[PDB]
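Data block below; observations after.
Number of protein chains: 2
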Amino acid sequence: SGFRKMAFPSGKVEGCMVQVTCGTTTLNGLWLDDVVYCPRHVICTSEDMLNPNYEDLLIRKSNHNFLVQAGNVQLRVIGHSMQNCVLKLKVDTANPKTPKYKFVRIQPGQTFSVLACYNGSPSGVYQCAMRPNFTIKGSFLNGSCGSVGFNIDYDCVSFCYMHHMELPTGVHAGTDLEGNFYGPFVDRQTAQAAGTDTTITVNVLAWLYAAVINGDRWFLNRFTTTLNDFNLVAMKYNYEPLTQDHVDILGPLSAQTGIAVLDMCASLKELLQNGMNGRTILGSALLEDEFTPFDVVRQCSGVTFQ
Amino acid sequence: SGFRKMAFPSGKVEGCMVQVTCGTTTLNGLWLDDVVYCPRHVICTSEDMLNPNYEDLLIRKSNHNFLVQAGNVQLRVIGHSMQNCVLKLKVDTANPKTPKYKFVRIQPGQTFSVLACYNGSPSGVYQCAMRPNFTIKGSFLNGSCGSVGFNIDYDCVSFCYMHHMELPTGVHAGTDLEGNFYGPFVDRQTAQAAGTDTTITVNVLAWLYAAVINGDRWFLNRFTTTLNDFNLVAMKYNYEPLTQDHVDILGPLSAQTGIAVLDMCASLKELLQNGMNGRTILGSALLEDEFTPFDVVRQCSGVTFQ
Ligand SMILES: C[C@H]([C@@H](O)c1ccc(O)cc1)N1CCC(Cc2ccccc2)CC1
Ligand SMILES: C[C@H]([C@@H](O)c1ccc(O)cc1)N1CCC(Cc2ccccc2)CC1
Numbered sequence: 001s002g003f004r005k006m007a008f009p010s011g012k013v014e015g016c017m018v019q020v021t022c023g024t025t026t027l028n029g030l031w032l033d034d035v036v037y038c039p040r041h042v043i044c045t046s047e048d049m050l051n052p053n054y055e056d057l058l059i060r061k062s063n064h065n066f067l068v069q070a071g072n073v074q075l076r077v078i079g080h081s082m083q084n085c086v087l088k089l090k091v092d093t094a095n096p097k098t099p100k101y102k103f104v105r106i107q108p109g110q111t112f113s114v115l116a117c118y119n120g121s122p123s124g125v126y127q128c129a130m131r132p133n134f135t136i137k138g139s140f141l142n143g144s145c146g147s148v149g150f151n152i153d154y155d156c157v158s159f160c161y162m163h164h165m166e167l168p169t170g171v172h173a174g175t176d177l178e179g180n181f182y183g184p185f186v187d188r189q190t191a192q193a194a195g196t197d198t199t200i201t202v203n204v205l206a207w208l209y210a211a212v213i214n215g216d217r218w219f220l221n222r223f224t225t226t227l228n229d230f231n232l233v234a235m236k237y238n239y240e241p242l243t244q245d246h247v248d249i250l251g252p253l254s255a256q257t258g259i260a261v262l263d264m265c266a267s268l269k270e271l272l273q274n275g276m277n278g279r280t281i282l283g284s285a286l287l288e289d290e291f292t293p294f295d296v297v298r299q300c301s302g303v304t305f306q
Numbered sequence: 001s002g003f004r005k006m007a008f009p010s011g012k013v014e015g016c017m018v019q020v021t022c023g024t025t026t027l028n029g030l031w032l033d034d035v036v037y038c039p040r041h042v043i044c045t046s047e048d049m050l051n052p053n054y055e056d057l058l059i060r061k062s063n064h065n066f067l068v069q070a071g072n073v074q075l076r077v078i079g080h081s082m083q084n085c086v087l088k089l090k091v092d093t094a095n096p097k098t099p100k101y102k103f104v105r106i107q108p109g110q111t112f113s114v115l116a117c118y119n120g121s122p123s124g125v126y127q128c129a130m131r132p133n134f135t136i137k138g139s140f141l142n143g144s145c146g147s148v149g150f151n152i153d154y155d156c157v158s159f160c161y162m163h164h165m166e167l168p169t170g171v172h173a174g175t176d177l178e179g180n181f182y183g184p185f186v187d188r189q190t191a192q193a194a195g196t197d198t199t200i201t202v203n204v205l206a207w208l209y210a211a212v213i214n215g216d217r218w219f220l221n222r223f224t225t226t227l228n229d230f231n232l233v234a235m236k237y238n239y240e241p242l243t244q245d246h247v248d249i250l251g252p253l254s255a256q257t258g259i260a261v262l263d264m265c266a267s268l269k270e271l272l273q274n275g276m277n278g279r280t281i282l283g284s285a286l287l288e289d290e291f292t293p294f295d296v297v298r299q300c301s302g303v304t305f306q
């Protein structure tokens, strides 16, 4: 029936996006209940970003300096406070479109949808993963900050990312909704370089199962391997080490397809050592690593939401 | 700032999705104003699908046989009629969430977002193109039929696709919202094979411009070409022939980057003749053809919507 990189439907998050302007800076915020969440660097000028002292910059700001606009209607700020790298703007009206939601801090390897916004207005939606180096490979231009990453389970929106910074190398860094950066990144314009971008081995294996379920099977071979043996090969190619937990997580895909996890590892090994010789898998000429096992089961089984 | 395959935000379409059940068949419909649109094969059994006579099958159906459910609320069918391959179910309540919208029949090469649904509930969202052979490469399982494809311009939803059929080869066929199939496909379980899947040359060039704007430039060379010369090469590799209209459409990307369209064609030629030698472009090991020139400008410039 086919396999595609798909995002969660975005409507529940669309209804939470607002525009935050402090002085000459405009970016996005997230309106849940009577609180608007946005990056604290909204209070900075472009100059401030080299060496900002956020507590000091904050002292000069009052409730009325934060202009918050929900589509065409202005929201009244009745309180503000800084939590880590985010600002929480208390407004006098609960967002009537607040969905059921949680704040979750995800682990590397975990996937989520991003609703890219500009001036509190939604631009587009795409799927991302937290890379093992704690960056993400997004699509963000100036004014996109405060765009959020999320997952949905039936009717609950688990928000996991807010966008803050682009590194000189074109990749993206940001926070959870408590304002704590993923990785060692900070909201300052300095020399911060990303570490090694390793491949999320468990996600590649999940995606190979997805290929098999959809008819792409040329890469299945007559071999098997061990975790230890496979991991010697993974390390050489900058792949996350595979653990027994990962094997356990792939158990459902294993069961449905009748290909043992270690046999699929031997398929992956051979693809790493020999390449794809110009062939493709689910329409890709390289090995996709931004589907989780849970992603594969969900799109392959057709789970939906409130 | 990065470049990603992104769909339009899906909320406006989410609010139009309903479930249609006729007998033992459940699939999705689209509720706009006081009309629900759905595939006419909702009236078929699995057996009927080999050789259905839709007019005859329809005679046994009445308004009350169409069960239409909008989330948890039932809609009253007060009229029904068949238009080409779709059924229009007149209900007694206008959808309060009807967005501004149009019905457009797109051309091959044109891109759109699909909101995959199951039982009137949204599952996920992804970007697609009408292939030159009038198929699309989607992600659709049983019960997905009646899922729609759309574009948004600011506040207007232009619906262009409704999903009807999977061909034996794993690709997808469907109609415009007047119920007319794209291509020579029909809503009957028969031997219908897709034609040659040619690459959408104009979209590849657009995406190479996108790469250059984002820092990927290793494939720019010291050469140029002519339309005629380039097209000899395109034909050999099953690429759509490039026309002066295409060149004109790429004019804005040409202008912004200062790479002439024909110079970019010579880059493409070299990539076709020599391959990518294991390198990548915007994170792909093959040449993406499901971004339009207009797509590139939009994500690269940050256009948003009501
Ligand atoms: C593979 C999936 C899904 O259930 C699943 C995915 C991943 C898992 O880890 C577990 C389950 N099922 C869905 C039902 C399909 C029935 C079918 C057969 C032939 C033609 C048309 C339809 C057979 C495959
Ligand atoms: C390329 C895009 C966009 O406008 C566009 C895209 C495709 C077109 O066909 C036409 C225009 N612009 C956006 C503004 C950017 C300003 C900038 C420069 C340096 C650092 C940060 C920001 C420079 C590039």
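Note that the protein sequences, when read in sequence, are chains A and A'. A prime marks a further copy of an entry chain.
Counting from 1, one number per residue, gives the positions in the first sequence under PDB author numbering.
Counting from 1, one number per residue, gives the positions in the second sequence under PDB author numbering.
Note that the Cβ used here is the ideal one computed from N, Cα and C, for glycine as well.
Exercise for the section: Check the Cβ-Cβ distances between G29 (chain A) and every residue of chain A', and say whether any is below 8 Å. Expected result: no
Practice task
Determine whether the Cβ of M82 (chain A') lies closer than 8 Å to any Cβ atom of chain A.
Solution key: no
Exercise for the section: Please indicate yes or no: does the CB of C117 (chain A') lie closer than 7 Å to some heavy atom of ligand 1? Expected result: no
Exercise for the section: Identify, in the order they occur along the chain, each residue of the same chain with its Cβ nearer than 6 Å to the Cβ of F291 (chain A), setting aside the five sequence neighbours on each side. Expected result: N203, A206 and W207
Handout entry: Check: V297 (chain A') C-beta below 7 Å from any heavy atom of ligand 2
Key = yes
Practice task
Inspect the CB distances between the stretch 125 to 138 of chain A' and the stretch 40 to 49 of chain A' and report whether three or more fall short of 8 Å.
Solution key: no
Practice task
Could you tell me the boundaries of the beta strand (DSSP E) in which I152 (chain A) lies?
Solution key: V148 to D153
Exercise for the section: Check whether the Cβ of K236 (chain A) lies closer than 8 Å to any Cβ atom in chain A'. Expected result: no
Exercise for the section: Indicate whether the contact test is met: 3 or more Cβ pairs, each with one atom in the stretch 165 to 179 of chain A' and one in the stretch 190 to 204 of chain A', closer than 8 Å. Expected result: yes
Handout entry: Neighbour-count burial assignment, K236 (chain A'), 16 or more Cβ in a 10 Å radius
Key = exposed
Exercise for the section: Say whether the stretch 142 to 157 of chain A touches the stretch 64 to 76 of chain A, bearing in mind that this needs 3 or more beta-carbon pairs closer than 8 Å, one atom from each stretch. Expected result: no
Handout entry: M276 (chain A) - partner residues in DSSP beta bridges
Key = Partner(s): none; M276 (chain A) has no beta bridge.
Problem - Inter-residue Cα distance where the pair is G2 (chain A') and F140 (chain A) - result: 6 Å
Problem - Proximal chain A residues relative to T243 (chain A'), where beta-carbon distance stays under 9 Å - result: Correct list: empty, because the minimum Cβ distance to chain A is about 26 Å.
Problem - Listed by chain order, chain A residues near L115 (chain A') by CB distance under 7 Å - result: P9
Handout entry: Three or more C-beta pairs below 8 Å linking the stretch 171 to 186 of chain A and the stretch 100 to 113 of chain A
Key = yes
Handout entry: Expected contact under 8 Å - CB spacing of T201 (chain A) and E240 (chain A) to nearest Å
Key = 4 Å
Handout entry: Which of helix, strand or coil DSSP assigns to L250 (chain A')
Key = coil
Problem - Closest residue to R188 (chain A') among A':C300, A':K88, A':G251 and A':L50 (Cα-Cα distance) - result: A':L50
Problem - Cβ neighbours of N63 (chain A) in the same chain (closer than 7 Å, five flanking residues each side left out) - result: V77, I78, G79 and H80
Exercise for the section: Determine the DSSP secondary structure at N65 (chain A), reduced to helix, strand or coil. Expected result: helix
Exercise for the section: Consider the C-beta atom of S46 (chain A') and the heavy atoms of ligand 1; say whether any pair is separated by less than 7 Å. Expected result: no
Exercise for the section: Note down the Cα distance separating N72 (chain A) from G120 (chain A), rounded to an integer number of angstroms. Expected result: 10 Å
Problem - CB contact check: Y54 (chain A) to chain A', cutoff 8 Å - result: no
Exercise for the section: Return the residues of the stretch 126 to 156 of chain A that lie within a Cβ-Cβ distance of less than 7 Å from chain A', sorted by chain order. Expected result: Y126, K137, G138, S139, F140, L141 and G143
Practice task
From the DSSP output, in three-state form, read off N231 (chain A) for me.
Solution key: helix
Exercise for the section: Please classify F223 (chain A'): is it buried, with 16 or more other beta-carbons within 10 angstroms of its beta-carbon, or exposed? Expected result: exposed
Problem - Residues near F112 (chain A') by beta carbon distance below 7 Å, same chain, minus five either side - result: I106, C128, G149, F150, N151, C160 and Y161
Practice task
Quick one: list the residues of chain A' neighbouring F305 (chain A), beta-carbon separation under 7 Å, in chain order.
Solution key: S121 and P122
Practice task
Kindly say whether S1 (chain A), judged by its beta-carbon, lies nearer than 8 Å to any beta-carbon of chain A'.
Solution key: yes
Handout entry: Cβ of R76 (chain A) within 8 Å of any chain A' Cβ
Key = no
Handout entry: Own chain, CB closer than 8 Å to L271 (chain A'), minus 5 neighbours either side, in chain order
Key = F219 and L287
Practice task
Give a single yes or no on whether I213 (chain A) has its beta carbon closer than 7 Å to a heavy atom of ligand 4.
Solution key: Ligands present in the displayed structure are limited to ligand 1 and ligand 2, and ligand 4 is not among them.
Practice task
Output the distance between the C-alpha atoms of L87 (chain A) and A94 (chain A), rounded to the nearest integer angstrom.
Solution key: 17 Å
Exercise for the section: Spatial neighbours of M276 (chain A') within its chain, please: CB distance less than 7 Å, with the 5 preceding and 5 following residues excluded, ordered by chain position. Expected result: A285
Exercise for the section: Check whether the Cβ of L67 (chain A) lies closer than 7 Å to any heavy atom of ligand 1, and answer yes or no. Expected result: no
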